[PDB]
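So this first bit is one chain, no partners, the form deposited in one PDB entry, shown in structure tokens.
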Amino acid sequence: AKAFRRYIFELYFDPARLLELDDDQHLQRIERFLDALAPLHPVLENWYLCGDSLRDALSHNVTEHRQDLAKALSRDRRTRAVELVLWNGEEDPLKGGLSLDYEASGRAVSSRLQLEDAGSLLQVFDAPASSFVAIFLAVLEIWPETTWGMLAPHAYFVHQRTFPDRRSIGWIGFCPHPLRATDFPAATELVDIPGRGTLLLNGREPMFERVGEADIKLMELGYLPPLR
């Protein structure tokens, strides 16, 4: 009995719809998202621009100074896509260190939000299932363009996912469709999000037919998206 250290935590957005937003809109959404993260745990209360020296990396607190967000974008944006990277000021993954990577390009691959390495949160959260669900809830409310979400152990996704050419719902995930409890295992909890879809909690924290059976059902329903 030992928890998985590395977790993947990614949410995907409809490329066409997300691309409609201008820079101010993206910045506003990230601002709202950081605000939604703040009450969930102390390590999520402060976000900073990355930097060389430790002094440089902790000088620009975007949760205190909103105008700094535009500096993240201005520095991180690519020549063909909105992009921003933030860190929470904690170096060690064992103490809740976390980085945020947001990209909006008009292509599925670069229209997403990732928290890395989410396994760091899983150990600082005193009640992780609900706290992670709260993060999904925040993304869904801020980005109606969300098309998929997955929280899963890295090792599971890479070496055990049922479908090689498909995404996975993971331990906790988002599927943009209503789902019926009768189609899923007893260990699965379905949380209905009207006007969005469903959040699935597949059994207890992976320490996995629980996730596999859910992916299988999603694939049979035609709801499990391709990787490409």
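Only the largest set of C-alpha atoms that superpose within 1.5 Å between the two forms is called the rigid core. Each residue number is its position in the shown sequence, starting from 1. Only residues modelled in both forms are compared.
As for the form deposited in another entry, it is not shown, yet the points below apply to it.
After fitting the rigid core, tell me which of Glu145, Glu103, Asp76, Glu116 has its Cα displaced by at least 2 Å between the shown form and the other one.
Of all the options, the C-alpha that shifts by at least 2 Å belongs to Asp76.
Flag for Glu31, CA shift 2 Å or larger between the shown form and the other one after aligning core:
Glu31: C-alpha displaced by less than 2 Å between the shown form and the other one.
Core-superposed C-alpha of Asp165 shifting 2 Å or more between the shown form and the other one
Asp165 C-alpha, core-superposed: shift of less than 2 Å.
Core-aligned C-alpha movement of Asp192 between the shown form and the other one, 2 Å or more
No; that C-alpha moves by less than 2 Å between the shown form and the other one.
Compare the CA separation of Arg80 and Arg17 in that other deposited form with the one in the displayed structure, and answer closer or farther (the difference is at least 3 Å).
Those two alpha carbons end up closer in that other deposited form.
Cα separation of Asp76 and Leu100 in that other deposited form versus here, shift of 3 Å or more
Here the pair is closer than in that other deposited form; there, farther apart.
Which residue stretches between the shown form and the other one come out as moving, taking only runs of at least three where every Cα shifts by 2 Å or more after core superposition?
1 to 4, 52 to 56, 74 to 80, 204 to 207 are the stretches that shift between the shown form and the other one.
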